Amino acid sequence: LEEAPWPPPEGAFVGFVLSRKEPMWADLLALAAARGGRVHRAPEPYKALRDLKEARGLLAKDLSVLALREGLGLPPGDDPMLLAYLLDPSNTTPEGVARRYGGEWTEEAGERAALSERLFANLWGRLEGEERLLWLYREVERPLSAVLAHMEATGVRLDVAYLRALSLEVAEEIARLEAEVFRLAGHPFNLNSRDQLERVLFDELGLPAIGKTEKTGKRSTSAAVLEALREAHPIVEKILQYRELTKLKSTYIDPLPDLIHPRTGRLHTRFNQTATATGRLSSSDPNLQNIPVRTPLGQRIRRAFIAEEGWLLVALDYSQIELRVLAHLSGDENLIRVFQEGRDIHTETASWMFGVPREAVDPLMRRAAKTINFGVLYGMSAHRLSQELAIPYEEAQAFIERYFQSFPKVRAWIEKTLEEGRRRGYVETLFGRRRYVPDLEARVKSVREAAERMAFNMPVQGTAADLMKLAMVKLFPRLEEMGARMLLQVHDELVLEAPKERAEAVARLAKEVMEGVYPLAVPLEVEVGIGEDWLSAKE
């Protein structure tokens, strides 16, 4: 390419190099652009950012986030990664996409700019005539990238001092638990080493090894195994409590306070747009889609996620979302009727499982019921179901027939889904998002059946993900009109921040946008709450 002076013309493809992967923390090392047979290299990348009206190229969102961090409105536009990811969602990295579609991903801004240009041309070619994938690109993924850029750059407020206080308390309780474990063992050891624990539990003590680990065949020390031995000794009780406390302290309580950004005073995640096989987003650096909620200590941690002074958090979560989607996709009359009647399957299962009326079903019980319902749906064995529910085999198998006969057209949809997958090599969501599942005619049963469960899950989980992404695209402009912010997506949940004076209006509007995103054969319901912290906002 002809090396031309910097500024590039309108519509040029950008390339850029960051000191590290996180755009909120990265130094912009170099910036370049490519168009019309020329490459333009910026002499000083930060100043040169001002000359661009859009970020167009590989990893466009990342550059847009860094621009927003510097006070520039540089929205992300076309990204070949999103084209590639819609073609095949195993296209998750620029390294791979470049190799597959006509270049090499290097560490030079110029070459990344020229690569973005030629990869876009080629991938655009591949999507000609793929009208449904094009619709997804234009109406969901491309505009979603601009929304995510804003969410990333806004971040969330964290009660840092609260978590530092909590850390000191949790450390003392961990010491109490490990001290008791070491007494029961008769000696000290690394309780964080599952290899060392294995020896203690199954060799030194006499406890039965219930199961084996996948890759290396060691005797497992997982919670599922240890749950079976819960008063086979008092040491197991202590070990499980130790595991909870150490998991929460080392994953959330200690790391999160150190990730507060100096300019914003807030915690910033990355929403990864080409990371999953089903079309869900992911969150990393720090993952904010797996903040604790379930246990009392987990609830304490979640309370650290708070609103700006003068603002409130608004949390919105779709009701029973994949079951509603399944009703639409299968067209099962009975399941459609269940949601037209305003019934709640999770609560129904909880009430059944624990033998209490609906009014007595607590959050813990509801989460247990979710595992049963989705487990059963996505192909859990009778053998495992009988264990989970803690009842006989049959009762368990009868549960599976009671479930599937109640909704006869689900199985037919499953089988239809699998035959399309075997024939075309991929399955698809309602909107034509594809996942290639190659092993559906594998000659090994365990591998074939695993691929089957993957294949029929995706249209359901992926359609739910499509709905949420579309809702995000529609909602974002309405929020900024009202002076509200989108903070987090958690798969079927959104967390917004609103000025106190507008929070109730924001909640009502966001609820209606989410419910009417793309009407189905059943209604979508959204539970919404408002509060000073993330936990209080879902109560």
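Throughout, rigid core stands for the largest set of C-alpha atoms superposing within 1.5 Å between the two forms. Note that residue numbering follows the sequence shown and begins at 1.
Asks: Which stretch is more displaced from the shown form in 8 other deposited structures of this protein, 182 to 190 or 448 to 456, with RMS over structures and residues of Cα positions after a rigid core fit?
Replies: It is 182 to 190 whose C-alphas lie farther from the shown form in 8 other deposited structures of this protein.
Asks: Which of 261 to 269 and 368 to 376 lies farther, on average, from the shown form in 8 other deposited structures of this protein once the rigid core is superposed (C-alpha RMS)?
Replies: Stretch with the higher C-alpha RMS distance in 8 other deposited structures of this protein: 368 to 376.
Asks: Looking at the deposited entry, does 164 to 172 or 228 to 236 carry the larger mean Cα B-factor?
Replies: Higher of the two, by average CA B-factor, is 228 to 236.
Asks: Of 314 to 322 and 206 to 214, which one has the bigger average CA B-factor?
Replies: Taking the mean B-factor of the alpha carbons in each, 206 to 214 is higher.
Asks: With respect to the C-alpha temperature factors reported in the PDB entry, which of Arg243, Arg142, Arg303, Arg183 ranks highest?
Replies: That would be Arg183, according to the entry.
Asks: Kindly indicate the residue among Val293, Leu127, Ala451, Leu86 with the greatest C-alpha B-factor in the PDB record.
Replies: Within the set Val293, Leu127, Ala451, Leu86, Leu127 shows the top C-alpha B-factor.
Asks: Would you mind checking where the Cα B-factor of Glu497 ranks among the modelled residues of its chain, as the lowest, middle or highest third?
Replies: Ranked within chain, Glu497 CA B lands in the lowest tercile.
Asks: Ranking every modelled residue in this chain by its Cα temperature factor as given in the entry, which third contains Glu515?
Replies: Its C-alpha B-factor belongs to the middle third of this chain's values.
Asks: Taking the values exactly as deposited, rank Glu70 by C-alpha B-factor within its chain and report the matching third: lowest, middle or highest.
Replies: As the PDB entry reports it, the C-alpha B-factor of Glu70 lands in the middle third of its chain.
Asks: Split the chain's modelled residues into thirds by Cα B-factor; is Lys474 in the lowest, middle or highest one?
Replies: According to the entry, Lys474 has a C-alpha B-factor in the chain's lowest third.
Asks: Looking at the entry's B-factor column for C-alpha atoms only, identify whether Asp344 ranks in the lowest, middle or highest third of its chain.
Replies: CA B-factor rank for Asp344: highest third.
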